[PDB]
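Beneath this line is the structure, given in structure tokens, with notes to follow.
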Amino acid sequence: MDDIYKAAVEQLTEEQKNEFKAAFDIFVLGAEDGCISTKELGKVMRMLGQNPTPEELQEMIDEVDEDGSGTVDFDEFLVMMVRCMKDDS
Amino acid sequence: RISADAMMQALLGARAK
Ligand SMILES: [Ca+2]
Numbered sequence: 001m002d003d004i005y006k007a008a009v010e011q012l013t014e015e016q017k018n019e020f021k022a023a024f025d026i027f028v029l030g031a032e033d034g035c036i037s038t039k040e041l042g043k044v045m046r047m048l049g050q051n052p053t054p055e056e057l058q059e060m061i062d063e064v065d066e067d068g069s070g071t072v073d074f075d076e077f078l079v080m081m082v083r084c085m086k087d088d089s
Numbered sequence: 001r002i003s004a005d006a007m008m009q010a011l012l013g014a015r016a017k
């Protein structure tokens with residue numbers, strides 16, 4: 001197999017990154033170091049038109065947690081966007 | 001899976017007087 005996600009991230013231009021850096025900021029609005037833990041992520045859901053619980057929110061973080069830390073960062077967060085690039089399944 | 005359309009429409013840009 002290969003890395004269709006880790007490859008796209010590195011192949012991102014300032015046009016895309018400039019967009020991800022936006023949510024990454026509102027995603028950690030109140031964090032201590034600069035990561036996510038649902039407490040900050042869910043805060044956006046209410047505005048996104050939804051509101052997941054703290055027990056399920058972990059799914060949004062465990063979907064890209066390759067470090068076993070629990071919180072997401074510019075590394076795991078970015079991939080979370082490539083996996084949902086466009087819907088065509 | 002993060003509502004790409006409802007993502008910017010809700011936050012990251014919502015100034016409307
Ligand atoms: Ca992590």
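Read top to bottom, the protein sequences are chains C and I.
The opening residue of the first sequence carries number 1 in the authors' numbering; numbering runs sequentially from there.
The opening residue of the second sequence carries number 1 in the authors' numbering; numbering runs sequentially from there.
For each residue, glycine too, the CB sits at the ideal point set by N, CA and C.
Residue i CB to nearest chain I CB: under 7 Å?
{"i": "residue 35 (chain C)", "result": "no"}
{"i": "residue 4 (chain C)", "result": "no"}
{"i": "residue 61 (chain C)", "result": "no"}
Any Cβ of chain C within less than 7 Å of the Cβ of residue i?
{"i": "residue 1 (chain I)", "result": "yes"}
{"i": "residue 16 (chain I)", "result": "no"}
Mind checking residue i: buried by the 16 CB within 10 Å criterion, or exposed?
{"i": "residue 96 (chain C)", "result": "No answer is possible for residue 96 (chain C): the residues shown for chain C start at 1 and end at 89."}
{"i": "residue 36 (chain C)", "result": "buried"}
{"i": "residue 29 (chain C)", "result": "exposed"}
{"i": "residue 53 (chain C)", "result": "exposed"}
{"i": "residue 76 (chain C)", "result": "buried"}
Using only the heavy atoms of ligand 1, determine whether one of them is closer than 6 Å to the beta carbon of residue i.
{"i": "residue 55 (chain C)", "result": "no"}
{"i": "residue 37 (chain C)", "result": "no"}
{"i": "residue 33 (chain C)", "result": "no"}
Give the interface partners of residue i over in chain I, defined as CB-CB distance under 7 Å, in chain order.
{"i": "residue 47 (chain C)", "result": "10, 11"}
Starting from residue i, follow its DSSP beta bridges and name the residues at the other end.
{"i": "residue 72 (chain C)", "result": "C:36"}
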